[PDB]
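# Coordinate inspection notes
In case you want the letters, here they are:
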Amino acid sequence: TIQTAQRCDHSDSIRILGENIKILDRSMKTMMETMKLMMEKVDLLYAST
Amino acid sequence: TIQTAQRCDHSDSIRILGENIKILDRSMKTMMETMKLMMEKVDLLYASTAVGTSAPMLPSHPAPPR
Amino acid sequence: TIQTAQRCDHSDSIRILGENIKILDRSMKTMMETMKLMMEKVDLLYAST
Amino acid sequence: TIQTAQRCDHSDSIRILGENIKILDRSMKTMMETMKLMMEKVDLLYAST
Amino acid sequence: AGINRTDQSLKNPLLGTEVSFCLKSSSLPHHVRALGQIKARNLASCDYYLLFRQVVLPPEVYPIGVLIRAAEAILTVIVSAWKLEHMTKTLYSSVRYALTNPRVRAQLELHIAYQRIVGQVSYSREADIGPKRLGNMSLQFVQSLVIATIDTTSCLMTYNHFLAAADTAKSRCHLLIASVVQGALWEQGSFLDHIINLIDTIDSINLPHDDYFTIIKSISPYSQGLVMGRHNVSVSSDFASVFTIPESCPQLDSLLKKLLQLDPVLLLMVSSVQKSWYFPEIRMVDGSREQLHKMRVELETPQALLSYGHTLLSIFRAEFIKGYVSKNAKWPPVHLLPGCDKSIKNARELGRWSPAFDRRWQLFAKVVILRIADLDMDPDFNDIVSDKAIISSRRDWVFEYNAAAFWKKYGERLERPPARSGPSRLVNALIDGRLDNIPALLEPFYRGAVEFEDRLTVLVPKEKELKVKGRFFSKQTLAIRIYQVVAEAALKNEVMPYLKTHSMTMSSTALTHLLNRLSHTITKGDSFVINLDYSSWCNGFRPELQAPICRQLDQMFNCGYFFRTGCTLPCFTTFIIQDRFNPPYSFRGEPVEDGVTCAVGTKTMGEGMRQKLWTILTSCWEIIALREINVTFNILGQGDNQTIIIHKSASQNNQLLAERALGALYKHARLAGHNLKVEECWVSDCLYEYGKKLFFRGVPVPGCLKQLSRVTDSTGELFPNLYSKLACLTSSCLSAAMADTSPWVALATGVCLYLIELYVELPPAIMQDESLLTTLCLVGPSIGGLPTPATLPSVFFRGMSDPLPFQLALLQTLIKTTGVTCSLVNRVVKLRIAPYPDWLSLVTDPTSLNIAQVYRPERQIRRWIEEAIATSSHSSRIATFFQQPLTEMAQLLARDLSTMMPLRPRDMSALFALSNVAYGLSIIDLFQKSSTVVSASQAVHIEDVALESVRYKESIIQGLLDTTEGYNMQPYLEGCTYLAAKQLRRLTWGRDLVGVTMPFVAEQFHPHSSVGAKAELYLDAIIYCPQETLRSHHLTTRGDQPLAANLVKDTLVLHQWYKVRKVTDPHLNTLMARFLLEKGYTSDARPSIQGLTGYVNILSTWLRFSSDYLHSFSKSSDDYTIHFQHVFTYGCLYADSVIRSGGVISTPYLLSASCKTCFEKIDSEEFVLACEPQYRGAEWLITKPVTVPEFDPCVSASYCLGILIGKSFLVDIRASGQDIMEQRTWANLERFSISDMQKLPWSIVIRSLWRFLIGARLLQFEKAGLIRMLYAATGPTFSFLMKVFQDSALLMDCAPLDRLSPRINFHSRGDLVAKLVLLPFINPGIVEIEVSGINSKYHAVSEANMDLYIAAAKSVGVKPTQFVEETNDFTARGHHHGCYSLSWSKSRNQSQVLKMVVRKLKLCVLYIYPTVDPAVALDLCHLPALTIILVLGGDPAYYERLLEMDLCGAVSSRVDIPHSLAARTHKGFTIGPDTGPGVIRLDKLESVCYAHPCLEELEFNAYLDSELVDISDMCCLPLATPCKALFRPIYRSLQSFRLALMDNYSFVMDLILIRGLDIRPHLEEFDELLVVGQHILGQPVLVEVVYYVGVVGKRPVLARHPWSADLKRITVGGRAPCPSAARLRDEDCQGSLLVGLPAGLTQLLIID
Ligand SMILES: [Zn+2]
Ligand SMILES: [Zn+2]
């Protein structure tokens, strides 16, 4: 009863995966930034044609 | 009974994780849009180069799923 | 006690968010392959000029 | 409460969610390396022109 | 050898490269023979029209007088059969004038000579056909090359040049005959002299080739510019100044200006012909170089074009989201980018489109539209098989060019492969199975790398166009054609219904409404028209403009890069131009770029490709240009031609607005790379063009000259034969008569052309026999003859028709009038019944017979093509589709449907239409009879069709010359043709056929005029009454009086139409269950769902026609065989024939019933399908299987009709003034019967209507609209409610209404209807009693199934009996009751003296002239034992107005209706003329006390027969229950009137608070009811009351003296105690009215 409800939940792993989701958010933000820079580069390529 | 229920309850936790994956999805759609705006200019430049020559049509999108 | 135990668990919500993160992985794979396809065209554009 | 205990079961789901988050993270690092290579290629445009 | 010169009409461009190759160094064997026969003076091939113009024949070479006599006989027979015998002299004199006039006869003889040379030379195995003489010209045919010589000059040309000359002669013959027949039947007279002058003027032009065709090209816009220059009133025009006709051809300018001076409509008719003159020879080097330049030319930079494409993406997103919110009530799946506006976010959450997003579309650069649908990568078989020729692969470019030309031009051979490396057509690609896997074929378009072998396009010049440098279409590889099919289907189905500008054009009703509003508005001064023409439209589109919207479309349909591969595809595609004898070079098997014949890569796909996307792009930039300057506009798009409607603004005039609009359109056209030339665009307020139709001042220009002079291709999917020529001629006349050309013009022209087409092909033995020619034109395909225009009733009518009674009537007229025996008819028809019944011919054509069709050209069709494709098919999609015999399954299903016990062929065909086998036979029909399937079916045994033509010709000559007779048709050419047609169908099929025989309308009704009509003609008659004397002015000026899996849906709807009229059979349910299983619906049950012909429409607005045929056919619920649209069209054709023959319509006319056996009571009968169906289903023909998700009727119909009428009144009050004059309703209220409304109990309907109005609980402005439009006689539904409530039986049967009628005081019948419909808002008092009768289950009955319940409401109920009330009868001596007759507001004494006179003279019949006041006539009708016969003279308006006033039914019982309509003069004892024998007259007496025991005082002394007869001694007799002539709503008792005084005081005080309603007329109603109060009040009645009204403290204070300053003065005059009911109602116990009186009512009681 108590041990079954202990088995069916893993709260510490929820906290670890939430921290890992935050890490994924940071990586998404830095990829958006480098897409913005190479957007600027391709735009100034296409302007000078 | 209540204490086991309160350590087993993660309504707020699962709602926070679901909302954060929704933030990931919105940022991914934004990146997809910017990448499409890159594809327009590079494909139009290559097609402008292609006129009058025998240059091949290179692929632009990978494959249909399954 | 019973309704609190209902509030503890949703297997379906965890399954929806698991499919929701798998489709984002699929989107990453499509963007990587498409960006390499862009790389081939810009390589031939370097070769042209 | 055996059937409610089987519907409580989350132990497989959190583990495979960790696998999904891990493979998403590896996919984003590989695409970021591809992004760096792509910037290195597209800077050669104004070197040539 | 092979067949030569295989065309009989022009179907190709005229090219001259072969002639130049022949003249300069050819070594081909036939080129030497062609070069040896030319003269020293040899003209160029482009000058061929210079040589063919000099051809002249000797006069009167063909004996065609028997044709003229036969044509006159045929037209006399048709006009006699229609029983319109006053047009008779007009039509045959038109034909006699045409064929006797020398120029028309010479053109006809030239046409016969040309067509006989074409018949002699075409489809021949002989390479060289010798000297063939055409007048002064001798022709020599050397394969493809023709040499023409007159005296010493020669022209070497191709065979297409000779066909162009023959087509010119054919078109001119058509034009001259059509001009003569149109000039005979039209208010302006003959214009044949102008046509001959036009032909001579164009034939007199001696200019070079390009200048000549410049004039011929510019002849139509110059004349349109002249008409616009003279007849624009609000805008300026400089369109005529562009063209150089005044300086190049002055005589043509003079002719067009004099045609402008006489008649602009004649100028627009004459100027629109463009193919009766010759055709250009295309300058291929210059035009080819110019096209290949225009496909790769940049007018705008790519960087600006991509930015403007982003701008167009914004407005595309805005319009798509507006459409999706309007239809689906929600925002689509969208992603909002960073920086999106907050208004977009709030409107997304609220699910609403704000009315400020239209001018702010730049906000939609941050709204990305996500997936909405999925791309359907499996086309159906309809678009796959037809309309294009294809190329298999790029190694097949070498089969479009000659090897000898490649050797002479370049010095080496072509290295042509032996085989053609695959199919050359779409259907052959199906049979070889290259189209088995469409998604695997379209996968390279998804990846964006289409394969190397698919990138070729051949540019082909178009034919019969006046451009000397040519216009080219695209012949493409199979893969790109499949891409075009998928992309155009996706954009047409999924995107464009949400785009409003395209969606109004796709819908027929919205387009019709828009064009009608444009027709009314242009003449008043608003809504001018801008016409924009894009000359370089298909060449102008560039990748950078298209790419962002293509990216959005690729994201919308989850297809990767599919819409974006078409933008960058032309940059990789090789383009060559189809010109044999001018080939491109080959280097390694591939074409070499030169700029004239080849181009490796361009920037546009071509013409016709990406048609749907380009329309969206053009519409987007036009919406940007017009929305930046704040105009109200409507865009009608026709691709390259765009018509813009601009409505007038209050601030600015039309010229300044037109200049601003033109500047905006030029600016935003230039930004897209599509520069508009100022010489090509124009503005107007008098002329526009839509749908290949030209409108001048809102009226369509006649198109008789253009349509009848058009040359069609003919001989479709067959060898050349006479039957196909007669069929295409008949179809051309039918298409003309449907497309707003006069029936008589098309009929006479078709008869003439039919006889000329017979004269070309038939020997002199047939053609010099007049009676055989007349019979052979009057037999027709209904009874097995040749296709003739004479036997079609579809020329004069628009709906579905039955040819067979009309055909038998024509042959009866032929035998009785013309000296033709029945033995000759037996000779010509040759009736041959089949030995066994072929039921498939009945399920395809219900009206057909089981006879042999012997002149029909034979392709086996049913089995040979199925065997051929099932044997030669080398892959799937044919093996799965044709795994079982389709024809044997079709015959098995036909035998199953022939077991119907009443055999109904219409329902039999309808049930056959819901089958898979019908779809399968349709796909086989597209494999037989379509475009580009002629290639396969003619190419298999390509030689044998030449011998088959000769065999068919010998067979038809031997058949027509045979003198033996067939089956005797004498029983079927006597008596009634309805019964004769039914007996012929029973003889020929073996069983009686129910439901397909429609009676002939000219036999059923005969027209007469009222000046000599008797009483017996008026028993069953349809009456037409004109408001004015009608002449030729009224034919053109409008008058006052008004005018896939979807089969599964049908599989249920017909099922519901079976189930509600109570047909029940196990076998039919089994059969429809098998249909539902074969189409994939395995669910057990689902219960879910005036105007005339256009040629008499304008004339119909001057006539009132009604249905007074009820004395024998419309007094019962039993339905009969009358189709009323045909009958009203026939009566209007009688009027049109009287006007167009030189007469006038000044009297009413009639259509009387003549043949009593054409009126059959229809047997509403169950049909039981006897045997068990052996069909078993297919399930292999529908490739897309649909999914399963994809009480008594009287009360339900009562509640549904109540809520439908209530919401119809609601959409009437929301409608504007221009919209309420239209008869459009919410759910099609007009086409409902009147009988089933009488069966329907209407008390339930009135409570449903009342409870829907109280459930709406409308705001004050809409309630003011309700009360205003119901107190007036406005709205179509008020007319509908009057037409329902015409009989007083529905009035008396309503059990709420007999209780309610003491309360309401009604001035008229419409006043009572208005009070009944809008009483719950003003009075809840009776609503408190009859609100209890509510049932929520009947409110939940849906509207969409309502019509099905309409099928059930007709049979259950019954109609009431009607009752005769009584008025004062007088006679003898008696007691005086009160002498009550019309005391309401009318001279009662006029009725009194006439009742006393008619009772003492003891008259049995009284005749009443329409000068007498109607209410006196109501009293004279309500007297018993008297027959009132009015003098109508054919006009039912007086009796109808007399009937509308009465509320009992004594006017409908005591008036003899045929004798009343058949009466013109004095015939008895009358009231109404001034002085004469038997005339009752009224003489004014100034002073008499009238010593009479009955009545108190006399005003009028009645005189009769110049004598006075003593009316002073009579008295009354007892009375009984009265009508509403005595007005029991205000009777002697006052407590009902005090309740009315309680209510009208409460009516006005509630209506003061109503916004938008100023209470003057409702206050006048209150004034009349308070005049009824002022009769009894007893305080002095002011004639003028100053009567201040105003609200104080939310309480309306209203009285004579102003209680406060804020009260408003209303001037009321004319109050006096004139009725005698003032003395009657004066009662005992005064102050009883004060008991239970409001203090305001007491204040109105005691005056000041
Ligand atoms: Zn008849
Ligand atoms: Zn009455």
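First, a word on what this report is: a plain description of the structure on this page.

## Observations regarding the overall build of chain B
- Summing up its helical and strand segments, chain B has two helices and zero strands in all.
- Taking 66 residues into account, the globule formula puts the C-alpha radius of gyration at 11 Å, and chain B, at 24 Å, lies well above it.
- Split by element, the accessible area of chain B, about 3,200 Å² in all, is 57% carbon and sulfur.
- Distance between charge centroids for chain B: 3 Å, based on 8 positive and 7 negative side chains.

## So, the coordination of the zinc ion (ligand 1)
- Within the protein, the zinc ion (ligand 1) binds to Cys976(E) (SG), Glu1003(E) (OE), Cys1155(E) (SG) and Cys1158(E) (SG); these donor distances fall in the range 2.0 to 2.3 Å.
- For the zinc ion (ligand 1), the four donor atoms are set out with angles of 90 to 133° between them, so the coordination reads as tetrahedral.

## Some details on the pattern of salt bridges
Residues and elements named next belong to chain E.
- One pass over the structure, following the stated rule, counts 52 salt bridges over all chains.
- Residues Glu 770 and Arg 69 are paired through a salt bridge, measuring 3.3 Å at the closest nitrogen-oxygen approach. Here the residue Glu 770 occupies a position in helix α32 (residues 770–777), and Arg 69 occupies one in helix α4 (residues 65–81), the gap between them amounting to 701 residues.
- Look at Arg 69 and you get partly exposed, because its relative accessible area is 46%.
- Measuring nitrogen to oxygen at the nearest pair gives 3.0 Å for the salt bridge that ties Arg 1104 to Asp 1435.
- With a relative accessible area of 32%, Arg 1104 lands in the partly exposed category.
- Look at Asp 1435 and you get partly exposed, because its relative accessible area is 25%.
- By sharing partners, the salt bridges in this structure join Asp 286, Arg 289, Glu 290 and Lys 469 into a single network.

## Here we look at the pairing of strand β18 (residues 693–696) of chain E
Residue and element names in this part refer to chain E.
- Where strand β17 (residues 687–690) lies against β18, four bridges are found, and the strand directions are antiparallel. From the neighbouring strand, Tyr 690 faces β18, where its bridge partner is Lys 693.
- Here two bridges tie β18 to strand β19 (residues 699–700), and the two strands are oriented antiparallel to one another. Considered in β19, the bridge of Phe 696 is made with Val 699.
- Hairpin connection of β18 to β19: two residues between the antiparallel strands, including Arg 697 at a positive phi of 55°.

## Some words on the coordination of the zinc ion (ligand 2)
Residue and element names in this part refer to chain E.
- Those donors, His 1422 (NE2), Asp 1446 (OD), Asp 1446 (OD), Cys 1448 (SG) and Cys 1523 (SG), are the protein atoms that reach the zinc ion (ligand 2), and they lie 1.9 to 2.3 Å from it.
- When the donors of the zinc ion (ligand 2) are listed by position in the chain, the intervening gaps give H-x23-D-x1-C-x74-C. Taken together, the residues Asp 1446 in the loop between α62 (1437–1445) and α63 (1457–1461) and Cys 1523 in the loop between β28 (1500–1504) and α64 (1535–1552) connect sequence positions 77 residues apart. Both residues of the pair, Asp 1446 and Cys 1523, belong to the buried class.

## Re the side chain of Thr774(E)
All names here are of chain E.
- If you trace the backbone, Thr 774 turns up in helix α32.
- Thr 774 sits in the buried class, given a relative accessible area of 2%.
- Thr 774 has contacts with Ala 70, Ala 73, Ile 74 and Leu 814, leaving out every residue within four places of it along the chain.

## Here we look at unusual backbone geometry
Residues and elements named next belong to chain E.
- Backbone geometry at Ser 25 places phi at a positive 60°, although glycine is not the residue there.
- By the secondary structure assignment, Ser 25 is in the loop between α1 (17–23) and α2 (29–36).
- Unusually for a residue other than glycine, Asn 630 sits at a positive phi of about 60°.
- Note on placement: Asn 630 falls in the loop between α26 (611–627) and β14 (633–638).
- The class for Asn 630 is exposed, based on a relative accessible area of 55%.

## Description of the environment of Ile1350(E)
All names here are of chain E.
- By the secondary structure assignment, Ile 1350 is in helix α59 (residues 1346–1356).
- Sequence separation between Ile 1350 and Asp 1236 is 114 residues; the distance between their C-alpha atoms is 7.8 Å.
- With residues up to four places along the chain from it excluded, the contact list for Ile 1350 reads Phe 1232 and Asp 1236.

## Re the sheet that holds β17(E)
- Taken in spatial order, the three strands make up an open sheet running β17-β18-β19 (chain E), and their pairing is antiparallel. In this open sheet, the two edge strands, each paired with only one partner strand, are β17 and β19 of chain E.

## Quick look at the nonpolar core
- Grouped together as the largest cluster of nonpolar side chains are 207 residues, with contacts concentrated most on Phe52(E), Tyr114(E), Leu139(E) and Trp744(E).
- A per-element tally of this core places helix α7 (residues 159–184) of chain E first, with 14 residues.
- Sequence-distant contacts of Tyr114(E), that is, excluding residues within four places in its chain, are made with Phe52(E), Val55(E), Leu134(E), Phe162(E), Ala165(E), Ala166(E) and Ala169(E).
- Counting 201 residues, the second-largest nonpolar core is a separate cluster that includes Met35(B), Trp331(E), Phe541(E) and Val631(E).

## With respect to empty space enclosed by the protein
Residues and elements named next belong to chain E.
- A volume near 400 Å³ is recorded for the largest cavity.
- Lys 170, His 174, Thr 712, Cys 728 and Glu 757 are, among the 21 residues lining the largest cavity, the residues nearest its centre.
- Listing elements by their share of the lining of the largest cavity, those giving two or more residues are α6 (102–121), α7, α29 (722–738) and α30 (743–761).
- Take the lining of the largest cavity: its biggest share by element is five residues, from α29.
- Across the lining of the largest cavity, the residue classes break down as seven nonpolar, nine polar and five charged.
- Lining of the second largest cavity is provided by 13 residues; of these, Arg 1303, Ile 1304, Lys 1315, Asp 1543 and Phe 1547 occupy positions nearest its centre.
- Broken down by element, the lining of the second largest cavity gets its largest block of residues, four residues, from α64.
- Of the residues in the lining of the second largest cavity, the class split is seven nonpolar, two polar and four charged.

## Side note on the arrangement of the chains
- Where the eight pairs of chains in contact are concerned, the greatest contact count is recorded for chains B and E.
- The closest approach of any C-alpha atom in chain C to one in chain E is 10 Å; the two make no contact.
- Between chain D and chain E there is no contact, and the shortest C-alpha to C-alpha separation is 18 Å.

Each value, and the rule that gives it
- Residues numbered from 1 in each chain as written, not as in the entry; some residues may be left out.
- Chains lettered and ligands numbered in written order.
- Heavy atoms only, no water.
- Residues with missing side-chain atoms left out of burial classes, pairs and counts.
- Helix = DSSP H or I, 4+ residues; strand = E, 2+ residues; numbered from the N terminus.
- Rg over C-alpha atoms; globule rule 2.2 N^0.38 Å.
- Areas by Shrake-Rupley, 256 points an atom, 1.4 Å probe, with all protein chains shown as cover.
- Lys, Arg positive; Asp, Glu negative; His and termini not counted.
- Charge placed at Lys NZ, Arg CZ, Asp CG, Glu CD.
- Donors = N, O, S within 2.8 Å, 3.2 Å for Na, K, Ca; no water.
- Tetrahedral: all angles 85-135°; square planar, octahedral: opposite > 155°, others 65-115°.
- Salt bridge = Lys/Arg side-chain N within 4 Å of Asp/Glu carboxyl O.
- Buried < 20%, exposed > 50% of the residue type's maximum accessible area, 1.4 Å probe, protein only.
- Pairing = 2+ DSSP bridges.
- Contact = heavy atoms within 4.5 Å.
- Core = buried A, V, L, I, M, F, W, Y, C linked by side-chain atoms within 4.5 Å.
- 1 Å grid on protein atoms, 1.4 Å probe; cavity = no way out; pocket = protein on both sides within 12 Å on 5 of 7 lines; lining within 4 Å.
- Points joined across faces, edges and corners; volume = space filled by probe spheres on them.
- Nonpolar A, V, L, I, M, F, W, Y, C, P; charged D, E, K, R; others polar.

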